[PDB]
Amino acid sequence: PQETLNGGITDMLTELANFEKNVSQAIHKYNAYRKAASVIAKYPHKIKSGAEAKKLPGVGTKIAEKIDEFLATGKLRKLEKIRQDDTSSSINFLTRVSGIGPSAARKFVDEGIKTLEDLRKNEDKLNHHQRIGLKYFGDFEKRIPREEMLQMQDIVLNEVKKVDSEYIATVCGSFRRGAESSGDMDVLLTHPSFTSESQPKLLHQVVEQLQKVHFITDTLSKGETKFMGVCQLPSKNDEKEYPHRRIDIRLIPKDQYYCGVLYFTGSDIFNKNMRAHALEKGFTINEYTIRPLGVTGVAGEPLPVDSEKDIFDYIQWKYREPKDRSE
DNA sequence: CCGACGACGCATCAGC
DNA sequence: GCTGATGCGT
DNA sequence: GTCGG
Ligand SMILES: Nc1ccn([C@H]2C[C@H](O)[C@@H](COP(=O)(O)NP(=O)(O)OP(=O)(O)O)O2)c(=O)n1
Ligand SMILES: [Mg+2]
Ligand code: NA
Ligand code: NA
């Protein structure tokens with residue numbers, strides 16, 4: 001639909017969601033508020049009453065009353081209060097620093113650290129991740145236009161083919177689905193000499209090559225299969241330098257690759273929905289494998305998979321190309 | 001009345 | 001030193 | 001907070 005339909009409500013709910021997550025540490029309330037925010041945002045009518053909203057799946061008694069108060073007044077008493085509160089809003093803001101979750105956020109505020117100024121004053125108290133997350137607080141919230149994503153793909157695909165001819169690299173996420181802008185870069189990676197029954201340097205080599213040509217600039221986390229770091233396009237001539245971007249690189253076994261590709265292509269709203277349909281039909285899908293569900297609920301062995309299409313050729317559905325996986 | 005609610009890799013932490 | 005728990009991002 | 005056992 002349109003934002004301004006029930007945008008006031010969805011915003012109200014989203015604000016509520018973030019406070020539950022970051023201040024109350026109630027993750028399931030946070031997901032509840034979001035589920036309501038989503039189902040309402042897709043509801044093609046202007047909500048007249050909280051009772052009208054209650055009819056939707058995921059909207060219950062509490063939110064219904066919250067909508068009554070909002071429609072009748074244009075705001076929420078509890079929300080205006082938590083906004084003006086120094087301690088709760090400070091906690092809520094710090095979690096925007098990647099690396100700082102709700103726990104570390106409350107630690108800082110409890111000992112008097114409430115702002116980025118305070119953080120920068122006390123960098124010794126921060127761990128590695130939090131220093132990077134703070135360093136690029138600005139950049140990490142900027143979006144990435146597809147144009148810059150394509151150039152990034154160019155480098156990633158080239159540097160990967162340069163390390164070993166037989167690597168298979170795929171940029172997934174919203175990029176693959178076609179989104180004109182993206183929040184980060186999701187790279188998926190495999191290699192013929194890595195399977196379920198199979199060097200612990202396959203991911204390392206790729207990462208360090210991307211470091212040598214100065215694409216990857218910082219490291220948040222690196223293991224044998226998963227990489228989280230930062231990357232930056234080379235500056236264009238006169239033009240002012242590019243923002244630093246988040247990049248993830250995952251090394252997946254060859255036989256688990258297309259399940260992984262399917263999963264990290266998304267959207268999560270699409271995934272969450274393919275999983276059930278998969279259920280209905282007697283199949284369970286994760287990021288690793290698709291497995292048949294038996295008489296009881298017993299999982300047999302994972303079926304052979306050689307394409308995304310193969311996976312639809314188990315739940316008897318016809319291909320939906322990444323372009324249309326909006327949800 | 002009450003439990004589920006998504007689950008996993010990696011970094012640091014609690015503890016032995 | 002180690003194992004296991006917790007926090008974190010996603 | 002919502003849904004459903
Ligand atoms: N909480 C989440 C969110 C997404 N995912 C999955 C499905 C996503 O499409 C895929 C990549 O995650 P992502 O980078 O956060 N989202 P996506 O690329 O689809 O959109 P952006 O915000 O990155 O532009 O992993 C997940 O496993 N757990
Ligand atoms: Mg992405
Ligand atoms: Na309802
Ligand atoms: Na954060």
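Side chains are part of it too, since the values below use all heavy atoms of this structure and drop only hydrogens, waters and symmetry mates. Quick note on labels: first sequence line is chain A, next is B, and so on, each numbered from 1.
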Donor-acceptor under 3.5 Å ([X] side chain, [Y] main chain):
{"X": "A:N6", "Y": "A:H45", "value": "yes"}
{"X": "A:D218", "Y": "A:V230", "value": "no"}
{"X": "A:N22", "Y": "A:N18", "value": "yes"}
{"X": "A:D310", "Y": "A:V305", "value": "no"}
{"X": "A:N92", "Y": "A:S88", "value": "no"}
{"X": "A:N122", "Y": "A:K125", "value": "no"}

Could you state the atom-to-atom distance from [atom1] of [X] to [atom2] of [N] in whole Å?
{"X": "A:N127", "N": "B:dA11", "atom1": "CG", "atom2": "P", "value": "11 Å"}
{"X": "A:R250", "N": "C:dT10", "atom1": "CZ", "atom2": "P", "value": "10 Å"}
{"X": "A:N31", "N": "D:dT2", "atom1": "CG", "atom2": "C1'", "value": "12 Å"}
{"X": "A:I27", "N": "C:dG7", "atom1": "CD1", "atom2": "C1'", "value": "12 Å"}
{"X": "A:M228", "N": "B:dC8", "atom1": "CE", "atom2": "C1'", "value": "12 Å"}
{"X": "A:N271", "N": "B:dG6", "atom1": "CG", "atom2": "P", "value": "13 Å"}
{"X": "A:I249", "N": "B:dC10", "atom1": "CD1", "atom2": "P", "value": "13 Å"}
{"X": "A:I247", "N": "C:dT10", "atom1": "CD1", "atom2": "P", "value": "13 Å"}

According to the definition of ring centres under 5.5 angstrom and planes under 30 degrees, are B:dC8 and B:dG9 stacked?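 Stacking between B:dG9 and B:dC8 is present - centres under 5.5 Å, planes under 30°.
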Residue-phosphate contact under 4.0 Å: [X] side-chain N/O, [N] OP1/OP2:
{"X": "A:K35", "N": "D:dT2", "result": "no"}
{"X": "A:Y263", "N": "B:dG6", "result": "no"}
{"X": "A:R246", "N": "C:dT10", "result": "yes"}
{"X": "A:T225", "N": "B:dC10", "result": "yes"}

Under 4.0 Å between any heavy atoms, over every strand shown, what does [X] touch: base, sugar-phosphate, or nothing? Just pick one.
{"X": "A:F264", "result": "nothing"}
{"X": "A:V97", "result": "sugar-phosphate"}
{"X": "A:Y30", "result": "nothing"}
{"X": "A:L56", "result": "sugar-phosphate"}

Proximal nucleotide (of [options]) relative to the [X] side chain:
{"X": "A:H128", "options": "B:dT12, B:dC5, B:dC8", "result": "B:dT12"}
{"X": "A:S98", "options": "B:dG6, C:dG9, D:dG1", "result": "C:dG9"}
{"X": "A:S221", "options": "B:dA11, D:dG1, B:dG9", "result": "B:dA11"}
{"X": "A:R275", "options": "B:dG6, D:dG1, C:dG9", "result": "B:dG6"}

Of A:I144, A:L157, A:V187, which is the lone residue that meets side chain to side chain contact (heavy atoms under 4.5 Å, CB included) with A:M152?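 So the option named by the test is A:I144.
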Would you indicate, from the sign of the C1'-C2'-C3'-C4' dihedral, whether D:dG1 has a north or a south sugar? south
For DNA chain D, determine which residues of residues 103-123 of chain A have any heavy atom closer than 4.0 angstrom to one of its atoms, and list them numerically. none
The correct set of residues in residues 62-91 of chain A placing a heavy atom under 4.0 Å from DNA chain D is A:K62, A:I63, A:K66
Can you confirm whether more than 12 heavy atoms, excluding those of A:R83, are under 6.0 Å from its CZ atom? yes
Carboxylate-amine/guanidinium contact A:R325 A:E308, below 4.0 Å: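 Result for this pair is yes, salt bridge flagged.
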Ion pair check, A:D86 and A:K114, cut-off under 4.0 Å: yes
Does A:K226 contact B:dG9 through a side-chain donor or acceptor facing the base, at a distance under 3.5 Å? yes
For a quick test of reading the model, state the closest non-hydrogen atom pair linking A:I67 to A:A53 and the distance between them. CD1-CB, 3.6 Å
How far, in whole Å, is D:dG1 from B:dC8 if one measures between their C1' atoms?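 Rounded to whole Å, the distance is 26 Å.
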